[PDB]
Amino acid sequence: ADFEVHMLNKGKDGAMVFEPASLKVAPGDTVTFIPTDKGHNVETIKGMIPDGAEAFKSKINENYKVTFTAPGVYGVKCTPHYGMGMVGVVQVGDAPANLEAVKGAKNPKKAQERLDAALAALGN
């Protein structure tokens, strides 16, 4: 299954957002992060990727397709707008084993507000 996440300057949740900001996919599914607005990328957040997965970082303005392999919760950010809260969460598969350690990861205040909302949106 293929899903799309749009990178926008402004959306329903305020400035600098990924829409949707919370998504659940199956192990092996692909998500394309689309630069609807220019000046954004996607990068995994330190401490917010499961065991066996590798970190990734796309280039500014590229349409970036990612096939999620390792099951778990992945926190993603937009590099330049991380301090402004441009973040999202991708849950891969059921019963993520790192969900509890992703909740304790440290992020700038605006990003933490949005991550907490996104994490609660998946059933915590």
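Numbers for residues come from their place in the sequence shown, where the first is 1.
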Assert higher mean C-alpha B factor (73 to 81 or 43 to 51, deposited values) equals 43 to 51
On mean C-alpha B-factor from the PDB entry, just flag whether 15 to 23 or 96 to 104 is the higher one. 96 to 104
Scanning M86, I60, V89, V66 for peak Cα temperature factor in the entry gives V66
Mind checking which third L8 falls in for C-alpha B-factor across the chain? lowest
